[PDB]
Structure formats: C-alpha cells, structure tokens
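Next up: just one chain, as structure tokens, the form deposited in one PDB entry.
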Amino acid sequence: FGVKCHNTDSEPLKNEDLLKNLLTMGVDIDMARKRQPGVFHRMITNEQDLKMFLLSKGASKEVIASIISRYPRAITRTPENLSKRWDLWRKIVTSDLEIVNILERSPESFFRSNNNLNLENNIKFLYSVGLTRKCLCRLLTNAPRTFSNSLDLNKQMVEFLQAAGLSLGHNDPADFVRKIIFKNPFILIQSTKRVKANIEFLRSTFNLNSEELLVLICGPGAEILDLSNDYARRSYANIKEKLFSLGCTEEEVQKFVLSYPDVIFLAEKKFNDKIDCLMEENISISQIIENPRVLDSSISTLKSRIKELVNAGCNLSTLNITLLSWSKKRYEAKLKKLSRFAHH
C-alpha cells in the first residue's frame, strides 16, 4: 500500500459466474455447498481445468462429478500440482485406474492437501520402515488418508508402536510395527491416544505375559486397536457379564475372547440375542465357548439351521455345532449325511 482507499457506495455483488454453471453440467451443487460452503463464496475456481485432467486419466464424467459432489475443494487445486501428486501415487499404485477406484471411494484422501513435498516424505518414510510396494499399496487403497497425514503424525504413530513393542522386550520393534500394519492398514490413521488406550485394554483385561501380549497385538488383536473410545471396554464387559451370568470363569471368558476376538465387533444386542437363541435350544454354554466361531452365522440362519437339524432327528447336546457356522454347501452336506444316518 502507501496511496489511498476504497469506494464507499452501495455496490453490486461480484461472483464466480462460470462456477455454478460448469458444475451443474455434471455435479450435485446442492450437496457440495452443504459440505464445503466456503468453496462457493470463492472466486477464480479451477473446476474447469480439473475436469480435463481427470478426463486425461480415463475417468467417467459421471464419477468426476461424483467426486466434486463429496469434496468441492477439488476445484481449488491446480492441474500442475495434481499431476505431481498423481504421479507420486503411481509409485505404489502401478495403475491410473486403481487410483480412480480409490478416488471414487474416498475423494478426501487425494484432495485434502496440496503438499506434495510431505507426500514424497511420507512415501519414502514408509518404505524405510521396511514395507513392500505390495504393502504400501495395501495402505494406499484401504487407508489413503495415511499419506495425507503429516509426516510428523505418521512418525509419531510408528515411534509409539516401536516404543510399545520395545517396552515388552520385542527383539525387533520396527518389525513388530510391520506386522501390525499388515494386519491393520488403518492403523496409521488413528490417534496414539486411541491406540495407547486400546493397548492398555488388552494389557489389563487379559493377564498374559509380555510375549503372549505381543503376539496378540500383531495377530488377532490388531484390529482391536482401531476400536472407538471405551467401545472395546464396554463390548467385553457385556460379554463377561453374559457369560458370568451362565456360571462361567474369569479365565473361561478370557480364553473365549482371546480364542476369537472378533466377538468384540458384535453389537451388544447381536451377541446377547445369539447366545440366548442357542441357549433356548438347550445348547450347553460350554459347547459355545469351545466353538466361538459358530457366532459367525446370522441369528436367522443360526435359528433355522437348528430347527432343520432338530427336525432331522438330531441331538444338539451331542453333536458338533461347528456345523452351524459352515458353508451352505458343507452344512447341507453333513446335514443329509446325518438325517440319513439318524434315519438308520
């Protein structure tokens, strides 16, 4: 500055004209403005060029507008910047098409940042962690936000997971980490706060030794680290109480969960109802806890399966109820073999 002022007089509004039009010629303008209002109060939008870019990568005009719908801000970013970022993805992705499939799945990922520097940092950091192009690909598809993450953030998660494995005397923490990321691609987009808590859950809940704990966290209990605040704690408490209500043991319950931790992902009501319905048909509580995977089956199949079995002149306290959580093929297979067998 250094000269003078403005206008001071009732002035006509001046908006980005081409915007509204070009958009409607493809996109759901209503939804966008719901999500990213400020984009529309913006002038000089690079919407136009954007389209041609995506088009050059072989993207259906349909899906293109679908992307702007859920993430209006895509318009904001220049084609020259997008080109590099795209190429960075190419490292791990190998294919222009997969990137497309991932964008039409979660647009945020690619567009929530223009920082390609940091994006390069992230990629070369994740390789330095010992990851195969195959694995980073796994990450990129499932948890694309991971690379939109600040390098400091990603570095913090890793350092945390290392310190953790380390603190249990893991002879190779960076590898401990490697395993987790394989069993749980969405690990890098979770707060250390969350994970730390969820780990402390596993710790106190189960009474294992350092080694058993380590193996768990890598193995079956990896997914448990994504769980929401106090969800795991609640979900388990529910299980514990239901089983305890049936005369079980603190240690009986632990094995049951540890032998099949996916039970935590069941809705508290889904679980209770499944157990109750098995109980209804006089199926020993012990039969269940020693065949936890029978709780895979929807109560619907689980129920009919039973009735079918019973009617086929069978004895549910005698038989091997793994049958219930079997393929429609394999189940029907043993069923006839049985109805025929009990048919003598």
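Position 1 is the first residue in the sequence shown; the rest follow in order.
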| query | finding |
| --- | --- |
| Selected stretch [higher average CA B-factor]: 45-53 or 281-289 | 45-53 |
| Of 272-280 and 26-34, the stretch whose C-alpha atoms average the higher B-factor in the entry | 26-34 |
| Residue, from 154, 95, 238, 167, that the PDB entry assigns the highest Cα B-factor | 95 |
| Modelled-residue ranking by C-alpha temperature factor, third containing residue 112 | middle |
| Where the record places residue 248 (Cα B-factor, split into thirds across the chain) | lowest |
| Modelled-residue ranking by C-alpha temperature factor, third containing residue 218 | lowest |
| Chain third (lowest, middle, highest) by recorded CA B-factor, residue given as residue 120 | middle |
| Residue 196 by Cα B-factor - lowest, middle or highest third of the modelled chain | lowest |
